[PDB]
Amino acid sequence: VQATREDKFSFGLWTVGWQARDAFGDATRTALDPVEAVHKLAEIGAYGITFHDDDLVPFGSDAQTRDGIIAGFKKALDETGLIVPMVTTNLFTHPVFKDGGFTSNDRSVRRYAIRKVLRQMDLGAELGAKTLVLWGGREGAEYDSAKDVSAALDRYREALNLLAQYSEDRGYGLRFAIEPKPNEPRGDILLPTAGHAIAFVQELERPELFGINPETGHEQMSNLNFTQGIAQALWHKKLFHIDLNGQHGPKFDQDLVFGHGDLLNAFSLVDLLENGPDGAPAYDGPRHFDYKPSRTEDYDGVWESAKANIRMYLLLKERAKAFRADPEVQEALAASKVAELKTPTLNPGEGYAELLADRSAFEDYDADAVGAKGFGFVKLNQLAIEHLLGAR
């Protein structure tokens, strides 16, 4: 299979650029030059690149340096045809953010965190980015008495409302995507799941400008069903971006290649995003890989892993397509009544009174007889896996 710009595969500069310094060891790889990253990615089929302010411009660079770096980066995008669909800000690495950015108990840190983001919004706008991703990695706590969650949510809200105000006033037209994570690096992070992030966004001043950027491994760290979570995000129309990667359940954040973790869920996910209503994808944004080339690899291993992500997505798509197109699957879908859930429970114009008067819905209903019919779910499931396995 071959990747096209229409596939919209994007990679964070911090992904292929991860030097592999983990919590227990030193880096095993040298630093990647942003310009080189741009050329390599272009080469493997990516349509865009993303970055944290500090990934491109070293924290504390003078404007002369800063400016120089932006200029070169800009050239590279130019020559290669790559776009910058999203930008984000690093509010977790520097020691000042040890208790968070937007929700640090220290007031001065909160003012500083907003400034850092405003600045990144400026660069984003200049490069044509449409989405600002906010990953509140340090917002949370290790101890319950150390953080007033209520106050914290008020402060998270206060900061986001200002950001939307500014973007709207400067006419940047950005969309904001809150990225949920349950833990790591804080004992517990605020807005731990896709659900909590969506509920929170609904309380902002201009909620229509806000959505979520769910990550495969983040939901899997709590042993949740990522596909089902995305389905809910789509129902709400809050899926503004997505970070794809792999994880093996509740343990540290692994960031494996997409599909190298829960393979069955990777399959149902591609199916959900691609076999949307009327042939068309249910999702239109970037298919962004927020992963890390394993610590045991060298740059060869790095480019390999970059391509594996694209490969995995395209192989899965291909099988998801075939699954749905199979008349035997179509038949099994019918038997399991999957589409019958789309029919309203109530007849047209029917209310409580008409339902209360319908004896077939209760008084004359044979629950025992209906309770005995099988749904044929194992069989439908087995058909899906045989398609995944290329055995059908």
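Note that residue numbering follows the sequence shown and begins at 1.
- Averaged over Cα atoms, the B-factor as recorded in the entry is higher for 166-174 than for the other of 166-174 and 182-190.
- Across the two stretches, 281-289 and 100-108, the PDB entry reports the greater mean Cα temperature factor for 281-289.
- Of the candidates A335, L355, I70, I49, the deposited coordinates give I70 the top C-alpha B factor.
- Note on the listed residues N245, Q220, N265, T80: the highest Cα temperature factor in the record is that of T80.
- In the deposited entry, the Cα temperature factor of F258 places it in the lowest third of its chain's modelled residues.
- Per the PDB record, residue ranking by Cα B-factor puts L389 in the middle third of the chain.
- Ranked within its chain, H236 lands in the middle third, by CA B factor from the PDB record.
- In the deposited entry, the Cα temperature factor of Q202 sits in the top third of values across the chain's modelled residues.
- When all modelled residues of the chain are sorted by CA temperature factor, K317 is found within the middle third.
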